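One line per chain: the protein sequences are A and B, in this order.
Going letter by letter, the first sequence gives residues 692 to 977 in the numbering used here.
Going letter by letter, the second sequence gives residues 692 to 977 in the numbering used here.
C-beta atoms are modelled at their ideal positions from N, C-alpha and C, and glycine is treated no differently.
Working notes for the structure below.
Protein chains: 2
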Amino acid sequence: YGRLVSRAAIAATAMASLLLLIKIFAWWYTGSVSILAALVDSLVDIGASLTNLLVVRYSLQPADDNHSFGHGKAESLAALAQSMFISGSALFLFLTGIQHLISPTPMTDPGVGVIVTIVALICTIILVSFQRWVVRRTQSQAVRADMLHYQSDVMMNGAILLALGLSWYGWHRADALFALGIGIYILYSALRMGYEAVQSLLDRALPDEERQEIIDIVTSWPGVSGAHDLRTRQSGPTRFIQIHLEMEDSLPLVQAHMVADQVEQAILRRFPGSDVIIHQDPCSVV
Amino acid sequence: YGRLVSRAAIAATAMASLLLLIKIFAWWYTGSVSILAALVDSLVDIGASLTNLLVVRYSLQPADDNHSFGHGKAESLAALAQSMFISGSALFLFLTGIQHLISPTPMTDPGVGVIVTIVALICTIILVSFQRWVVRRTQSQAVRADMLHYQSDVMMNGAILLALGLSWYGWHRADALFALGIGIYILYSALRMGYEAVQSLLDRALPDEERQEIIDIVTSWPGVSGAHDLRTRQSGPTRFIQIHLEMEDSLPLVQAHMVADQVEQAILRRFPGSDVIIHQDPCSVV
Ligand SMILES: [Zn+2]
Ligand SMILES: [Zn+2]
């Protein structure tokens, strides 16, 4: 089920060792060999790992079973933050700004910093295009998919992509660095993550689809006329009422369990939800 | 049910007109009559209203029924923020600091500001001790109960509570203003709200109690030996399997619906959950 196809391990590893390795380390600057580097979104990127790592190691048990009845919502939650807040807002240490005053133009910023071994990384892209494998091999219910924090925390598209002496003087970041955030942050986490997130409100019961599937599977048994109601949600959950809305509308006998249970069972299709549950109603809302 | 006892209206009003009135306005300073006042946690307190107001006006329908299947989790969510973040962290614009350097001591802060008509408010306490009525008349599933943002956004316990010439020179805020945050913020939202919040992971299935009640009600019908399983959560939700784990362990007939439905029904006790649902199992996990 989750060897590959489900959160089983696929969702176990990435930002649980994408981070335990790539940006566990990559730099030995201002200390031994004292050339300047102010970027330590490294220890800042480290919160990101342990965070997710442990958090997903909790998106992940049968529960505090009693209390935490049966969880991992957890992730969707630990997405909500990363998203809207703390990225998709990590955007806002540049919405625009430095474009007009004596800053990006002819003087202040198109000169300083010809000491760049920042190219040391951008290799790291390796372990986004691995977080990328995680994606639909199974979304860590897309919780990994804060990844794109990296798919833009590896957006040195000014750095190692300069318009050095061809047309743009110091307008190198005024674009090909400004929109960067805008439509890959606002319309990133500050929707995306800000969403699976927001269905931390269980709802979206489903995508009309397995909605569809679901129904037609149940609609079609021996446990026929008597489909009453689906309701649905994340990591699994479905449920419900049916049986004989033609006569076995009391008539039958509890044999006619497994029959639902057949149904239920037959709502395998997925990998799964619960024994997303049947109340097996005889007598008819008509 | 919710006239008074449930979120019906009680949860409709407070921070949906606690804020629409109290700090809709209270001040006309630097403009007409130009005495100084830098505090506009007023327009900042206004986000707080509309926010909650509208949000609770959504903690509150049958759903985007299809998608948002049947919601209001919403609040618990809109608590999570207020809490841990954006208060219980609004604490940290003072953990301590101004205690030692020439700031609170003999010179800088125990002198400036003898112009205080800040006493204009502290009346506002009126509409916390109304948010206080909201509490258990029904917790707006304690979402209102970000209120205590006010129960500490009305913590002028330096202001209009000075140790002016009795023992403490300028040590007036170094205490009776420092701990203020600590153990009414950290151990406030940054647990409290940071919690109902975190059970945005449905879980806490319940408080062993109505857990208890629940069970013994079901345990005790004509729908006897055959209690299988509770599972539980917020605004209502319960569910489950039972019937005849002594013989009507297939034997009976779907008459024996309402019998669960009796049960279910009889899990009135609360105001309620769902028709927190029964799968009525004959043949026995034994
Ligand atoms: Zn029924
Ligand atoms: Zn069963």
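- Chain-order list of chain A residues neighbouring B/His-948: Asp-972, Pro-973 and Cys-974, by C-beta distance under 7 Å.
- B/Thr-787 and A/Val-696 have their C-alpha atoms spaced approximately 51 Å apart.
- Under the three-state reduction of DSSP, A/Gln-933 is assigned to strand.
- Per the Cβ contact rule, the segment 742-760 of chain B is in contact with the segment 826-836 of chain B (3 or more Cβ pairs under 8 Å).
- For A/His-970, the CB falls within less than 7 Å of some heavy atom of ligand 1.
- Pairing B/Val-845 with B/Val-819 gives a Cβ-Cβ distance under 8 Å.
- In terms of CA proximity to A/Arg-828, A/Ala-705 leads the group A/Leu-959, A/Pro-797, A/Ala-705 and A/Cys-974.
- The Cβ atoms of B/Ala-957 and B/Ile-908 sit closer than 8 Å to each other.
- In this structure, B/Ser-880 is the residue among B/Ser-880, B/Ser-941, B/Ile-713 and B/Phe-962 with its C-alpha nearest to the C-alpha of B/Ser-780.
- Taking 8 Å as the threshold, the shortest C-beta distance from B/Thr-799 to chain A does not fall below it.
- Among the residues facing chain B, A/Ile-969 is included, as its CB has a counterpart in that chain under 8 Å away.
- The beta-carbon separation of A/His-948 and A/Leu-942, rounded to 15 Å, does not stay under the 8 Å limit for a contact.
- Assignment of A/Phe-783 by DSSP, reduced to helix, strand and coil, places it in the helix class.
- Of all residues in the segment 714-745 of chain A, none places a beta-carbon less than 7 Å from a beta-carbon of chain B.
- Of the other Cβ atoms in all chains shown, fewer than 16 fall within 10 Å of the Cβ of A/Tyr-860; this residue is therefore exposed.
- Close partners of B/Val-945 in chain A (Cβ separation under 9 Å): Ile-934, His-935, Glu-939, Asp-940, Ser-941, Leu-942, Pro-943, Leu-944, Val-945, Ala-947, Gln-971, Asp-972, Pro-973 and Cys-974.
- Annotated as proximal: A/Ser-891 and A/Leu-771, with beta-carbon spacing under 8 Å.
- Taking the Cβ of A/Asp-952 as the reference point, at least one heavy atom of ligand 2 falls within a distance shorter than 7 Å.
- Look at A/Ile-958: its beta carbon is at least 7 Å from all of the heavy atoms in ligand 2.
- Under the 10 Å beta carbon count, B/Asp-894 is surrounded by 16 or more other beta carbons and is classified as buried.
- Taking the Cβ of A/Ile-932 as the reference point, at least one heavy atom of ligand 1 falls within a distance shorter than 7 Å.
- In this structure, the beta-carbon distance from B/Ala-896 to A/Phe-760 falls below 8 Å.
- If you look at B/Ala-951, you'll find it in the alpha helix (DSSP H) that goes 948-957.
- Here B/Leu-710 is near B/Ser-740, since their CB atoms are less than 8 Å apart.
- A/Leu-709 sits in coil when the DSSP states are folded into three classes, being neither helix nor strand.
- If you check the C-beta of B/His-919 against ligand 1, you find no heavy atom less than 7 Å away.
- Residues of chain A whose Cβ lies closer than 7 Å to the Cβ of B/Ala-765 are, in chain order, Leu-892.
- For B/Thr-923, the closest of A/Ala-700, A/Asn-757 and A/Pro-913 by C-alpha to C-alpha distance is A/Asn-757.
- Within 7 Å of the C-beta of B/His-948 there is not a single heavy atom belonging to ligand 2.
- The Cβ atoms of B/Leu-812 and B/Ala-717 lie closer than 8 Å to each other.
- Here B/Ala-850 is near B/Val-807, since their CB atoms are less than 8 Å apart.
- Residue-level contact check: A/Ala-896 touches chain B, since one or more beta carbons of chain B fall below 8 Å from its beta carbon.
- For B/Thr-923, the neighbours in chain A by C-beta distance under 9 Å run, in chain order, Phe-760.
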